[PDB]
Structures are given as structure tokens and as C-alpha cells.
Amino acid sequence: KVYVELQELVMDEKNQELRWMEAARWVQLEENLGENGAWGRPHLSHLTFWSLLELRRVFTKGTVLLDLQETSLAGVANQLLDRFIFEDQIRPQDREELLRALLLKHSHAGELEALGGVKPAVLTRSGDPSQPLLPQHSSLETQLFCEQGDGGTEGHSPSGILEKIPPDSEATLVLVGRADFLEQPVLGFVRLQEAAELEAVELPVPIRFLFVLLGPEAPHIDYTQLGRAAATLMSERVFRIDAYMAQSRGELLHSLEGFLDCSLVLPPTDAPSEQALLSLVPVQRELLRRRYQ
């Protein structure tokens, strides 16, 4: 298994500043950070058809930095930005504002409670946040798994997920942020030359990979879901290993392809939920077998 963390550029409800805040985490299974700094119960990562379409889109044209010889976020950021600009992924004048934002405080659950929650925000050409124009709303994950404050069976069952992170594993950080001056969604993927522990992550697991998903507020794209797909992709072994072994973007893309090719889609059905989802078992079992070819 592996530990993956998802953080989003947000505006804190209190001071109204602009920080990064943890939204979900994986250790195979996924957990969602509630509005009150309380973790949602673990669950299987289901993804929207859209997030996989977009991920495939944005990755096929992604900026890839393999064996980046950096051990800091500032070091990675400066580098990722130089490649972005270079690949015409972003404009030269966006750099100063994007670096500054990427280097903000990367808050975690424990701070959420003190800050009095956090709000959705959009980075501007001045560095000031701005509420997104297009209508905002709590995700399915929050609506479904975030109605606790304390786990029903046990107020700390969610913490039990952390009990599954392997003795010698590495982590992945997925950063999701919106900037109004950006012309389109961009995907940045980095593999550190040597695993480095970053102060941006919740727990001290050495970081090996980073996904940076940035873009302007566009009507047909949900960045939280794009993030969840990226993280869920990294949480899959066959991919994770291809990610360790790839020597170019194409090898990663070829792997994303198998992941997609082995994903199962269960359209809207009125059939009895348990049987409806117990039906996937024999099918999934085969696709799972095909992935491991």
C-alpha cells in the first residue's frame, strides 16, 4: 500500500487568508476531511466518468519531471514552474504569483477546527483570493461520509487507516488549486530523485511523487474530483509501479490507459444496492486480473 494526501488552495473562513488545506487521504482506501476537522470513514474510491476523462486529457498533455533532484517544495515548485512556462503550460508572468501561492502554509485537520473551517477560493492576478463565480457545493463524499464528528462505532475508527501505512513506504502529495489568470487546466507530475520528507504533508512519510493540478474556474471541470482521480490512480499498485519505473510521460500515459481499460462503470440502476454492487465482484475480479498482466 501507500499514503496519498490531497490538499486544496482555500481561503480560511476566519482570517480570510489563503492557505492549502487537506481534503482527503488514501492508504488504499479513501477518507474525507469533514467541515469540522473530523475524518470521514474509509471507503472505496469511486470516481466520476468526468474526472477520468479530464485526467486523461490533462495528463496526455502533462508536464512531467522524472527523477527531479529536489528535496523541498520550494525546490520542486521553482522547477515545476520553469517547465510549465517552458511547455507553454503557463505564461511567464504567472510564475511569481503561482510560486508564492504554492509556498503558502499547508494546513491540516487540526488547524481546520481552530481556523473555524475553510472556504473555496480562486487565486487572482494580485495574490488576493476571490470566491468562485460558478455555483459551489459540498461534494458527494462529504455529504455521504462526513456526518460524524466521531465515528459511529468508534469515534476514532478513521484513525485506524493510518495503522495500515507500511514500515517502509513513500507518499504522494496531490495539490489542487484554481487561478483566474490561467488559460486552462494543467497537470504537473513529479518523481523525486530521492524520497524527501516535506513539511506540507500531514505525517512524516517521505514524499516520492507529486501531482499539481491547477487551472481557471471553468464550468465543466471539478478540480476536487480531478484530484480524487489522480490520487486514486496513484493508489493503484500496477500504476504505482509503472510510476516508479517510467522514464518518460508516454510510459505513464500507457499505464493510465490500462487503468482506464480495467475500470468498471456501473450506470444508474434501481436494482437492490447490495446485489447491484455485489454483481461487480466476478467482473472486477477479471479486470483486476487483466491489469496485472
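One-based numbering along the sequence shown.
According to the PDB record, 133-141 carries the higher mean C-alpha B-factor of the two stretches 133-141 and 183-191. Looking at 143-151 and 122-130 together, the entry lists the larger mean B-factor for 143-151, computed on C-alpha atoms.
The entry lists C-alpha B-factors for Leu73, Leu112, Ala196, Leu98, and the highest of these is at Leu112. In the PDB entry, a CA B factor belonging to the middle third of its chain's modelled residues is recorded for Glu236. Remark: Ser107 belongs to the middle third of its chain, ranked by C-alpha B-factor as recorded. Annotation for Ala24: C-alpha temperature factor in the lowest third relative to the rest of the modelled chain, per the entry. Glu30: CA B factor in the lowest third of modelled residues in this chain (values from the PDB entry).
When the modelled residues of the chain are ordered by C-alpha B-factor, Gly116 sits in the highest third.
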